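A single chain, nothing else alongside it, follows as structure tokens in the form deposited in one PDB entry.
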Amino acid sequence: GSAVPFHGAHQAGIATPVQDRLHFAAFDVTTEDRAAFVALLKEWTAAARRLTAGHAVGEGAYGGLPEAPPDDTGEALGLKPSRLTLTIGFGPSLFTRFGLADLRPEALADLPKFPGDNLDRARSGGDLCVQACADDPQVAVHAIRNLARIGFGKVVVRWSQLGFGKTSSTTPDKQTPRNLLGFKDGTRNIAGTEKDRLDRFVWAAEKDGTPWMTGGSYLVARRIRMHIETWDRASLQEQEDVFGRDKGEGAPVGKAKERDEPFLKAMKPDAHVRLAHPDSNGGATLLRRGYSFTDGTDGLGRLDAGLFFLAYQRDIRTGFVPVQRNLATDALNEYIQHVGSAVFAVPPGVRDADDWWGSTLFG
């Protein structure tokens, strides 16, 4: 459990084991030159091969010419690879550049406006994303800081989010993590072991209509604030009725164990699990891979905390869109607000040492 292989038919960081920490960054492109952007994707891919093996970028962090800036900023020296994965994605706004408008996938759909949205434009969208996941947050931050530095003059950082899940040194791998509302989160999800369910619900197929995306996936990111101080004043019964599971064991109502299959008719009609379940959505099923956040306190002394929701799917129109539409009457809506949003096409994997991020799109 020290490194995750970078090369594959698929990018790592989707179906590979969930790491303890997240640094997610969205970038905007500042160049109009296609050749200069392809050169960056090749340099970024070379850096990512070094970073995911626990090596410094370029000629290293020290021991070069004294009169040159070092190639690597040095804050990860002495740390382990920490299961780092680096996953790149392309936003809809990238396809307005470089003559790409006819290669935007139909599955990379713009999201509709949903009831109760309060999206901050500054923390939404982006031409590009890099998802950096690792067990050590300094390994993740060092990766984003050095990719941003390599890209300076061709890309800028639009927005950045730090996140946390479990701490693996102290918490067993099989234990479901709790979200900041104190409920177990992830019980009924697609697991990385389920190869057929990934082919059906997560990976883009050649016959889906966009050949360059074969073996890729589609990502939806939502920054969802929780109203923590309001939630903490709710009764135990009110909290359990919102979800349709009990708080201690996380069993479905009228069942005994966390992994018992739910009986949807025993839950309240607007309970979150009942509305989100595939049987309520024509079989629509998601891979959730999100992380908790706590950024600090706002001007009223309230905790700025919530869930940085990440979902992967074969098609945004048949995954996130139908399920989020069905949450229009969710009992949870009283306690949350969606304040950031973005969608990305995540290309296929880097096949070998000579391949590079985006090679199927750019040629």
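Residues that one form lacks are left out of the comparison. For clarity, a rigid core is taken as the largest C-alpha set superposing within 1.5 Å between two forms. Position 1 is the first residue in the sequence shown; the rest follow in order.
Participant: Mean C-alpha B-factor higher for 53-61, or for 296-304?
Facilitator: Per the PDB entry, the higher value belongs to 296-304.
Participant: Is the mean CA B factor in the deposited entry higher across 124-132 or across 108-116?
Facilitator: That would be 108-116.
Participant: Highest Cα B-factor in the PDB entry belongs to which of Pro211, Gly74, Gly91, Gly216?
Facilitator: That would be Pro211, according to the entry.
Participant: Going by the deposited entry, which of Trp159, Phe263, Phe183, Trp203 has the highest CA temperature factor?
Facilitator: Across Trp159, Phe263, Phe183, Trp203, the entry lists the biggest C-alpha B-factor for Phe263.
Participant: Can you tell me whether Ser169 has a C-alpha B-factor in the lowest, middle or highest third compared with the other modelled residues of the same chain?
Facilitator: Ranked within chain, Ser169 CA B lands in the highest tercile.
Participant: Can you tell me whether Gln138 has a C-alpha B-factor in the lowest, middle or highest third compared with the other modelled residues of the same chain?
Facilitator: CA B-factor rank for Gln138: lowest third.
Participant: If you rank every modelled residue in this chain by C-alpha B factor, which third holds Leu310: lowest, middle or highest?
Facilitator: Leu310: CA B-factor falls in the lowest third of its chain.
Participant: Within this chain's modelled residues, let me know which third the CA B factor of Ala221 belongs to: lowest, middle or highest.
Facilitator: Its C-alpha B-factor, which the entry lists for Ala221, ranks in the lowest third among residues of this chain.
Participant: Can you tell me whether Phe6 has a C-alpha B-factor in the lowest, middle or highest third compared with the other modelled residues of the same chain?
Facilitator: It falls in the middle third of the chain.
FYI, the form deposited in another entry isn't displayed, but the following is about it.
Participant: With the two forms fitted on the rigid core, I'd like to know which residue in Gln237, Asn118, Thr193, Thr170 is displaced by 2 angstroms or more at its CA between this form and the one not shown.
Facilitator: After core superposition, the single residue displaced by 2 Å or more is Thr170.
Participant: Compare the CA separation of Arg222 and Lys166 in the other entry with the one in the displayed structure, and answer closer or farther (the difference is at least 3 Å).
Facilitator: Closer: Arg222 and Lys166 approach by 3 Å or more in the other entry.
Participant: Do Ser169 and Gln175 move together or apart in the other entry, judged by C-alpha distance changing 3 Å or more?
Facilitator: It is closer: the C-alpha separation of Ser169 and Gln175 falls by at least 3 Å in the other entry.
Participant: After the core superposition, state the residue ranges of at least 3 consecutive residues in which each CA shifts by 2 Å or more between this form and the one not shown.
Facilitator: 164-173 is the only stretch that shifts between this form and the one not shown.
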